[PDB]
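What follows is the residue order along each chain.
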Amino acid sequence: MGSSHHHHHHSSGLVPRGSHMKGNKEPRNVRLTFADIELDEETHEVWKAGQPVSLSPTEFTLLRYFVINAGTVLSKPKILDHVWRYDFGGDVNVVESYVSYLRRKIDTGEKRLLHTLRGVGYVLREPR
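- As deposited, the entry is annotated with solution NMR as its determination method.

This is the structure we're talking about:
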């Protein structure tokens, strides 16, 4: 809620009286994808190589963050503070439990897209 909106920097063109003809502000809903992973922020659903998984809000946020930062080595404590940022009250052992369950619900194929750097954390990366 504000009055800003209309930016005071419209050095781009100068004929909004028409411009488009229908609208192109956005293509379609917000859907995240990765290697063989699909997430719909609209239907809050997940899909992996023809393998759908019913994850909960928390577990969903975790997977989503992993994808957003896919390629960057994440840390156990960092990941916690990042997610638990919506509900404090979870030791560092709670993450391990969730991670183990996640692996079982996300790991299965011969292609390991989740590398575990024991002592540091985990990193998302496609098989090379």
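Having seen the model, we can carry on.
## Concerning the UniProt feature "DNA-binding region" (unreviewed entry) in the protein chain
Phase 1 of the analysis: Feature annotation in UniProt assigns "DNA-binding region" (unreviewed entry) to the following positions: residues 29-126.
Phase 2 of the analysis: Taken as a whole, residues 29-126 contains 35% helix and 26% strand, while its terminal C-alpha atoms sit 26 Å from one another.

## Points about helix α1 (residues 57-68)
Phase 1 of the analysis: Between its terminal C-alpha atoms α1 stretches 16 Å, which fits the 16 Å expected from twelve residues at 1.5 Å a residue.
Phase 2 of the analysis: The complete set of buried residues in α1 reads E59, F60, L62, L63, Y65, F66 and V67.

## Quick notes on the nonpolar core
Phase 1 of the analysis: Counting 22 residues, the largest nonpolar core has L39, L62, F66 and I79 as the members making the most contacts within it.
Phase 2 of the analysis: For this core, the elements supplying multiple residues, two or more each, are β2 (37-40), α1, α2 (76-83), α3 (93-106) and β7 (121-124).

## A closer look at the packing of α1 against α2
Phase 1 of the analysis: Closest axis-to-axis distance for the α1/α2 pair is 11 Å, and the angle between their directions is 120 degrees. With respect to α2, the element α1 is oriented oblique. You can see that α1 and α2 cross each other, and the crossing is right-handed. Contacts between α1 and α2 involve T58, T61, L62, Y65 and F66 from the former and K78, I79, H82 and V83 from the latter.
Phase 2 of the analysis: Across the contact of α1 with α2, the residue classes break down as five nonpolar, three polar and one charged.

## Considering the pairing of β7
Phase 1 of the analysis: Judged from the two bridges that link them, strand β5 (residues 74-75) and β7 form a sheet pairing that is antiparallel. Paired with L74 across the two strands is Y122, which belongs to β7.
Phase 2 of the analysis: Relative to β7, strand β6 (residues 114-117) is paired through four bridges, and the arrangement is antiparallel. In the strand pairing of β7, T116 is matched with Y122.
Phase 3 of the analysis: The hairpin turn running from β6 into β7, its antiparallel successor, is three residues long, and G119 in that turn takes a positive phi close to 95 degrees.

The rules we used
Residues numbered from 1 in each chain as written, not as in the entry; some residues may be left out. Heavy atoms only, no water. UniProt positions renumbered as here; feature names shortened; annotations may be inferred. Helix = DSSP H or I, 4+ residues; strand = E, 2+ residues; numbered from the N terminus. Expected span 1.5 Å × (residues − 1). Buried < 20%, exposed > 50% of the residue type's maximum accessible area, 1.4 Å probe, protein only. Core = buried A, V, L, I, M, F, W, Y, C linked by side-chain atoms within 4.5 Å. Axes fitted to C-alpha atoms, helices over the stretch in contact; angles between N-to-C directions. Parallel < 35°, antiparallel > 145°, perpendicular 65-115°, else oblique. Left-handed = near helix turned anticlockwise from the far one by under 90°. Contact = heavy atoms within 4.5 Å. Nonpolar A, V, L, I, M, F, W, Y, C, P; charged D, E, K, R; others polar. Pairing = 2+ DSSP bridges.

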